[PDB]
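To start, the structure under review is shown below, and the notes come after it.
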Amino acid sequence: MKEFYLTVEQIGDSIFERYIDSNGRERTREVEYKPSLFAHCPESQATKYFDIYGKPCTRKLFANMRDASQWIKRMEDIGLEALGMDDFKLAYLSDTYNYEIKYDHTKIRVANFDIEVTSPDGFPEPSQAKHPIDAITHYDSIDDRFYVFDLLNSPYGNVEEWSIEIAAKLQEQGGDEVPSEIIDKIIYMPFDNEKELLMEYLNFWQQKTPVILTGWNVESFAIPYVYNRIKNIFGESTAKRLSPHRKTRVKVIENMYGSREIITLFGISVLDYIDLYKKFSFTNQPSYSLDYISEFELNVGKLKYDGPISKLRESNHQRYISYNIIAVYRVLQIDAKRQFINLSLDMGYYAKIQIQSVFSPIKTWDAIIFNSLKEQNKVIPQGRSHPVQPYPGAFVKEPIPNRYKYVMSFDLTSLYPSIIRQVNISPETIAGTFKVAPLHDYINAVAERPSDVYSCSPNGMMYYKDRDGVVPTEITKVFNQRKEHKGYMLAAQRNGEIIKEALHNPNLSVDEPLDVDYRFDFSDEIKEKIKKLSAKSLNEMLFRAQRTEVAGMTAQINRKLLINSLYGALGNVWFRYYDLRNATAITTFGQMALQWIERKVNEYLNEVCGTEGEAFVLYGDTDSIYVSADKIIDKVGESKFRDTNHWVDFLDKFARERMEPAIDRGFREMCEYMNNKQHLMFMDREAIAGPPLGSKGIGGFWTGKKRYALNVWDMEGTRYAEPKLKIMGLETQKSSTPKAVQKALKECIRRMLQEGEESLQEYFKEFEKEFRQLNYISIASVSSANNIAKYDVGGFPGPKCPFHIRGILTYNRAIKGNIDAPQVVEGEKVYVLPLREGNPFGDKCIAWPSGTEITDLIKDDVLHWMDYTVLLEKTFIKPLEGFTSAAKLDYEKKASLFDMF
DNA sequence: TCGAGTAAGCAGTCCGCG
DNA sequence: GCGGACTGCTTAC
Ligand SMILES: O=c1ccn([C@H]2C[C@H](O)[C@@H](COP(=O)(O)NP(=O)(O)OP(=O)(O)O)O2)c(=O)[nH]1
Ligand SMILES: [Ca+2]
Ligand SMILES: [Ca+2]
Ligand SMILES: [Ca+2]
Ligand SMILES: [Ca+2]
Ligand SMILES: [Ca+2]
């Protein structure tokens, strides 16, 4: 078995490494690693080492890591570049694992934990840790066991042992419904006192030391709480046993508004699942409580209990412990679906970094590029300081606000990475500059050809064509990986639609789901068997197909994120290869590419229609164009189509056989114009959209840039069983829009696009009539809440106080004096409701922590005084008015001459 | 919100606009 | 009442 690292740290002049040896055993070692760094040397001196620009370097081998660090400092004192990898543990990993790492996840100890702390006087601050830890559940991936540490005796109450038999039974039996599949995996340990609990936990931790440590808010709460509580009870040395090297650091995390403290445990890789979720999920959620996210991801019900959490252990210890266990399991269930741990491991081992560095694309790419260069005996440049400077981005076309009946969209494959590769954009491939014409002149192909020697971008930059830069070389590798996983994702998606179709005609039989790989398009044999299956089996297959789609989505979209972040890093001052010339080369080329192909598509369609000067491209943003297909449909005549699927087939074939070849020709000419290294502008059909055949639906509409809705029948080769709304930017897509209002606005849009004006009118009339019955949470707005203190002047709104902050200040006055009441936390999200004039809260709105019921003391008053009229006008009527005016229709029936009959 | 980038939309404050 | 200048927040890419 090939060896692989688990964790690596630098502690003074030593590297401390945990690793899996060639026999599959976990080991630890301390290595007196002697790092090398580099200085430029005379061309006369014979070396094998060259910088990225081809300048020769001499290697300097240091007696230890502190000597190397001191040398860097002195080189700055002299004013000379100190070249090489200054993060010595990355150099250590590069030397020690000089091959593509194959890791075995079954040997990696992944721990998932959660603690409970009863607190009568508000939130238990981890820096203080003044309250007993009364429960820990710690799941270990190697053992596949939930270890439960339960405090029976506390100053806040003495309790009886938790019962696994009660835990297992249904809620209807008085049980806790702990999932049957984990019941046999629970190892329950009760304790007579907190000191014994914590000592045993540390002994357990020593035996089963996490490599990856995760859970929900573990970095901000659980870890600092446990560390500080042990520190308070036993002293520092004992608390440091949470580190396998007995080293910890209090780390100050800073933002624009303030700072917070976390505990760095040397030799452990903390991947807090909340942070993995925020980075890798591509959602923006109204709440990030585990109950909220679990309900969203898994469709599990919120865990119900009577009274406040501060009294739960005393009143119902049985439920208290069961809920602690379930909380740990829910994170495991979310990871089973989303697979963010798998992603982090893949990425981390690929780059040869500490696994926790997957949060930083700058660190990830620094390591990838370093390792790549090192293989050629090339030497990385020193990082330099740069002032933050703005630079230009993508082009977005201003659409004419209107309905658009038939629409075909086209999109460039992985645009910015493709530009990097096509143009050959890299720190070491810069060849020089040329005199720039206005962008318009390049778009229309009237400007002089930039170069007959080098590969060009319309920002004035020229690049070598003789060899690929390291940035193109390395970005291509990850792009190719992304392509494979996107293939699996789309196959799974297409497979899901086959099952959805079959579910229209389920067979009356007792069946089992088919044992199949959803990552590959179903064979004819599989399709024939699916048509014979029961609804139970089909639904189970659909669930499995959709789970496979999600797995593929995680793998593909986050590889996309990584490569797009390499582009972004070029425009971040902390990146070793920061260069606004290269960042701007990419974006400016993109602006040209979009507008160039806009022209070419307009030219092609005008030719085939026999018309002159009309605009077929109605919209474009960054790398995509939207083409009006009305005239193409009208050339055949709607009466000649059998059904909706018939004109969809026709447009699909037209896009693939006619437009794509023309688009390809257009881009090949642009490549020659810019003298680029390799043609990689691949623009393929994305969406086919329109109303159902024979209906009064409008098909689609735009209100402005980044704000549109389309009724889509086929998306990237997936032919839907039922049409899918593609809605971008509109209020249905915003986390700030109330839940029930998103739902209502979506139905309004559906009716507009699929059914027409009259259908829209009847739904509006009903919503307006009934909406006051909707649950208050479902009609509350949502907002992040920053700078509460800034706008707080004696408990009242200061100058220019934002609406949501005003609401928080109102809440704060209403709960004043109560240490029990939930506090609004700076930087988190709040629900917001408007209040009718003359209300007892003394202001026009109130806000409270999102994902929660408002506290009982003020709930009745909030409900009594909620301003339904303002709520409706602001969240529903205003956006709907926007949609309908753009689409040129009315949400309320206009008076007619027929009324007088 | 510690963690790659820019474009650009809407809500709301403040206050001009005879 | 609406718009511009501005802050705040959130989305598309
Ligand atoms: O998070 C992002 C998204 C997009 N972009 C830029 C780069 C990207 O190539 C371009 C187009 O984004 P898309 O969302 O269309 N995806 P892309 O073309 O990169 O990939 P895909 O192949 O999926 O379309 O906009 C970013 O820089 N960061
Ligand atoms: Ca694209
Ligand atoms: Ca694409
Ligand atoms: Ca059937
Ligand atoms: Ca796109
Ligand atoms: Ca193609």
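A note on names: the letters A, B, ... follow the listed sequences, proteins ahead of strands, and every chain is numbered from 1. Just so it is clear, the values below take in all heavy atoms, side chains as well, and ignore hydrogens, waters and symmetry mates.
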task = With heavy atoms under 4.0 Å as the rule, sort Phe280(A) into base, sugar-phosphate or nothing.
result = nothing
inquiry  = Once you apply a heavy-atom cut-off of 4.0 Å, does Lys790(A) come out as touching a base, just sugar-phosphate, or nothing?
reply    = sugar-phosphate
task = Could you tell me if the ring centre of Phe370(A) sits under 6.0 Å from that of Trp365(A)?
result = no
query = Is the distance from OP1 or OP2 of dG5(B) to the nearest side-chain N or O of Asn572(A) less than 4.0 Å?
reply = yes
task = Among the candidates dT7(C), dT10(C), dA7(B), find the nucleotide nearest to the side-chain atoms of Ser783(A).
result = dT10(C)
ask   = Closest to the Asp621(A) side chain: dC2(B), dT7(C), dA12(C)?
value = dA12(C)
inquiry  = Classify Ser735(A) by what it touches in the nucleic acid, base, sugar-phosphate, or nothing, heavy-atom distance under 4.0 Å.
reply    = sugar-phosphate
ask   = Is there a donor-acceptor contact under 3.5 Å from the side chain of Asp792(A) to the main chain of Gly795(A)?
value = yes
task = Compare side-chain N and O positions of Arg707(A) against OP1 and OP2 of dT11(C) and report whether any pair is under 4.0 Å apart.
result = no
key: Closest to the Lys705(A) side chain, choosing from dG9(B), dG8(C), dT1(B)   = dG9(B)
task = State the sugar conformation of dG5(B) as north or south, using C1'-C2'-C3'-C4' as the deciding torsion.
result = north
message = Is it the case that the side chain of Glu826(A) and the backbone of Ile788(A) share a donor-acceptor pair, with hydrogens and angles ignored and the cut-off at 3.5 Å?
response = yes
Selection from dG3(B), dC2(B), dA7(B) that lies nearest to any side-chain heavy atom of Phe359(A) = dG3(B)
request  = Give a yes/no answer on whether the side chain of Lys279(A) brings an N or O atom under 4.0 Å of OP1 or OP2 in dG3(B).
outcome  = no
note = The single option from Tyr404(A), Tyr626(A), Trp702(A) that satisfies side chain to side chain donor-acceptor pair (under 3.5 Å) with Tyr708(A) is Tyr626(A)
remark   = Between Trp848(A) and the options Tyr776(A), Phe841(A), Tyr811(A), the ring-ring contact (aromatic ring centres under 6.0 Å, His included) test singles out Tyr776(A)
query = Given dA7(B), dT11(C), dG9(B), which nucleotide is nearest the side-chain atoms of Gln733(A)?
reply = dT11(C)
inquiry  = Over all strands shown, is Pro879(A) touching base, sugar-phosphate only, or nothing at heavy-atom distances under 4.0 angstrom?
reply    = nothing
request  = Could you tell me whether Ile362(A) contacts a base, only the sugar-phosphate backbone, or nothing, with contacts defined as non-hydrogen atoms closer than 4.0 Å?
outcome  = sugar-phosphate
ask   = With respect to the phosphate group of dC9(C), does any side-chain polar atom (N or O) of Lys829(A) fall under 4.0 Å of OP1 or OP2?
value = no
ask   = Atom OH of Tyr619(A) to atom P of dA12(C): distance rounded to whole Å?
value = 10 Å
note = Torsion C1'-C2'-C3'-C4' of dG9(B) sorts its sugar, positive to north and negative to south, as north
inquiry  = Distance check needed: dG3(B) P versus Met256(A) CE, whole Å only.
reply    = 11 Å
ask   = With no angle test and no hydrogens, is the base of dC2(B) tied to the side chain of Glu219(A) by a donor-acceptor pair under 3.5 Å?
value = yes
ask   = Do side-chain atoms of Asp843(A) reach the backbone of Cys845(A) as a donor and acceptor pair under 3.5 angstrom?
value = no
note = Here the distance between atom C1' of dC2(C) and atom NZ of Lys878(A), to the nearest Å, is 11 Å
inquiry  = For the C1' atoms, the ones on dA4(B) and on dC6(C), what distance do you get once it is rounded to whole angstrom?
reply    = 28 Å
query = Given the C1' atoms of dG8(C) and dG3(B), what is the spacing between them in whole Å?
reply = 22 Å
request  = With heavy atoms under 4.0 Å as the rule, sort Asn564(A) into base, sugar-phosphate or nothing.
outcome  = base
key: Length of the CD1-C1' vector between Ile805(A) and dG8(C), whole Å   = 9 Å
ask   = Is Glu254(A) touching bases, backbone alone, or none of the nucleic acid, heavy atoms closer than 4.0 Å?
value = sugar-phosphate
task = Determine the contact category for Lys278(A): base if any of its heavy atoms lies under 4.0 Å from a base atom, sugar-phosphate if only primed atoms, P, OP1 or OP2 are that close, otherwise nothing.
result = nothing
task = Mind running side-chain contact (heavy atoms from CB on, under 4.5 Å) on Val870(A) and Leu835(A) for me, showing each step along the way?
result = CA-CA 9 Å; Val870(A) 164; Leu835(A) 269 18; over 6 Å; no
query = Would a line drawn from the ring center of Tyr277(A) to the ring center of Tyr273(A) be shorter than 6.0 Å?
reply = no
query = Hey, does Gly393(A) reach any base, or is it just sugar-phosphate, or nothing, if we go heavy atoms under 4.0 Å?
reply = sugar-phosphate
ask   = Rounded to the Å, how far apart are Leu880(A) CG and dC10(B) P?
value = 15 Å
request  = For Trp574(A) and for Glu826(A), locate the closest nucleotide of DNA chain B by heavy-atom distance; then report the residue assigned to the nucleotide nearer the 5' terminus.
outcome  = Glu826(A)
request  = Measure from the side chain of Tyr708(A), starting at C-beta and using heavy atoms only, and say which of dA12(C), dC10(B), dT13(B) lies closest.
outcome  = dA12(C)
remark   = Side-chain atoms of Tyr567(A) come closest, of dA8(B), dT10(C), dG5(B), to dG5(B)
request  = Calculate the interatomic distance between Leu276(A) atom CG and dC2(B) atom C1'; express it in whole Å.
outcome  = 14 Å
ask   = Quick one: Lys397(A) NZ to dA12(C) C1', roughly how many Å, whole number?
value = 18 Å
query = Quick one: on DNA chain C, does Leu730(A) or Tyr257(A) contact a more 5' nucleotide (nearest heavy atom)?
reply = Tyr257(A)
query = Can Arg559(A) and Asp346(A) be counted as an ion pair, charged N to O under 4.0 angstrom?
reply = yes
query = OP1 or OP2 of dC9(C) sitting under 4.0 Å from any side-chain N/O of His804(A)?
reply = yes
remark   = Winner on side-chain proximity to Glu731(A), out of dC10(B), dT13(B), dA8(B), is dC10(B)
ask   = With a non-hydrogen cut-off below 4.0 angstrom, is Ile262(A) in contact with a base, only sugar-phosphate, or nothing?
value = base
ask   = When we call it a touch if two heavy atoms are under 4.0 Å apart, what does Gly704(A) touch: a base, just sugar-phosphate, or nothing?
value = nothing
key: Atom pair distance, as rounded to whole Å: CZ in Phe282(A) and P in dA4(B)   = 14 Å
message = Please classify the nucleic acid contact of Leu570(A) as base, sugar-phosphate, or nothing, using heavy-atom distances under 4.0 Å.
response = nothing
task = Look at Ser360(A) and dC2(B) and indicate whether a side-chain polar atom (N or O) is within less than 4.0 Å of OP1 or OP2.
result = no
ask   = Is a side-chain N or O of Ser624(A) found less than 3.5 angstrom from the main chain of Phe410(A), in a donor-acceptor match?
value = no
key: Comparing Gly798(A) and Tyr416(A) on DNA chain B - which has the more 5′ nearest nucleotide   = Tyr416(A)
query = OP1, OP2 of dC9(C) versus side-chain N and O of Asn786(A): anything below 4.0 Å?
reply = yes
inquiry  = Let's see if you can work this out: which of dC2(B), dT11(C), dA7(B) has an atom nearest to the side-chain heavy atoms of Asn255(A)?
reply    = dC2(B)
ask   = Base, sugar-phosphate alone, or nothing: which one does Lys800(A) contact when heavy atoms must sit under 4.0 Å apart?
value = base
request  = Would you classify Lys560(A) as touching base, sugar-phosphate or nothing, given that sugar-phosphate means primed atoms plus P, OP1 and OP2, and contacts are heavy atoms under 4.0 Å?
outcome  = nothing
inquiry  = Measuring from the side chain of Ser784(A) (C-beta onward, heavy atoms only), which nucleotide among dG8(C), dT10(C), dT13(B) has the closest atom?
reply    = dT10(C)
